[PDB]
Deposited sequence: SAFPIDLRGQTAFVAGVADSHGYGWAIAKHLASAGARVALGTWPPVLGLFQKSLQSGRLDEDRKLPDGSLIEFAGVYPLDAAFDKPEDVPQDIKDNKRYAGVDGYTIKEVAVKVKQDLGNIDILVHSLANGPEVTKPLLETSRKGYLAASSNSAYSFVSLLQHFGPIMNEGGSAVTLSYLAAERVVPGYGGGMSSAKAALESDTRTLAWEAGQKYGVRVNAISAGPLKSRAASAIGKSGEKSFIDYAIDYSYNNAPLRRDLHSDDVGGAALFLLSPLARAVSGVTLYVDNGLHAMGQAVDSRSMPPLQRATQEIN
């Protein structure tokens, strides 16, 4: 009863599998009684769809009841394209792309509207850095510009196209990382920069949609779920909280941002990171004793 989402429909761009935030969020959204549709990268839309209807994901659709997560559709979606005129020929001709169509952001919005009416909850859980391995001084223009297109501008496009089919009081959420605000070596070919752009756009768009649509626009900067393994232990050892960052922690937090408990919350960047954002110094440094 504190979060009754019955009545509400959500669309979640960026669920290819059951291990990302996208999946975790949907799980929670649905868990509060919302209809939940998914945007899925065409290249993997098939495998995901087979992976669902197989039975294979039932341990992961599993809810509080023992009932399973059901979806109001699972749409092809490529956040790199806003409308079909934008799609390059070789992609139209690409082997992993034929069969599936109407996968631009605009096309997907029209589809959601004709299939489910207006929506209440918008999630943006997609980021892509073709040069994330590379440091900024070794990042190309094409690289940088791609990282931003996929990660940053895709939120704006999404909001552009979903906004007009979003109920008053409705809300949207995206995902960021520390590196947006504070240097974090590793991350990665303009990914940091795109994230910064996302957080600014999160703010600007909270103003724009607040006014035109009455829609809340927020961001979660998350901890880490190789570069990673070390990052996981880093946070384990330097966070205010001696604990791992589970995906449910972020899902959990997104549920709130997208519930009417956050009806006055907009333009925010919520750190869901066991509190690492709050330190000005690692305690496990080689320069301190243990």
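Residues of the deposited sequence missing from the coordinate set occupy positions 1-2, 228-241, 307-315.
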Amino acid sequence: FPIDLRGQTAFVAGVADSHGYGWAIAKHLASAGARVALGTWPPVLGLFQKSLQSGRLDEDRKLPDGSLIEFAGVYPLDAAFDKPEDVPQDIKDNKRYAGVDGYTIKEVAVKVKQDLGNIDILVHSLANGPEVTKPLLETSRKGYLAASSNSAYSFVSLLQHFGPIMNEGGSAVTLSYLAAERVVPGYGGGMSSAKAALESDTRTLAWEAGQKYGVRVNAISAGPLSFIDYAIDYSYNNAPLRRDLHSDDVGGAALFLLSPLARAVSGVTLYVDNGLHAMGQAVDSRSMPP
From here on, numbers count along this sequence of modelled residues.
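Across the other compared structures of the same protein with both neighbouring residues present, residue 226 lacks coordinates in at least a third. When the mean C-alpha temperature factors of 136-144 and 98-106 are read from the deposited coordinates, 98-106 comes out higher. When all modelled residues of the chain are sorted by CA temperature factor, residue 82 is found within the middle third. Sort the modelled residues of the chain by CA B factor and residue 76 lands in the middle third. Among the modelled residues of its chain, residue 281 has a C-alpha B-factor that falls in the middle third, as given in the PDB entry. Residue-level temperature factors show residue 36 in the lowest third of its chain, judged at the C-alpha atom. When all modelled residues of the chain are sorted by CA temperature factor, residue 176 is found within the lowest third.
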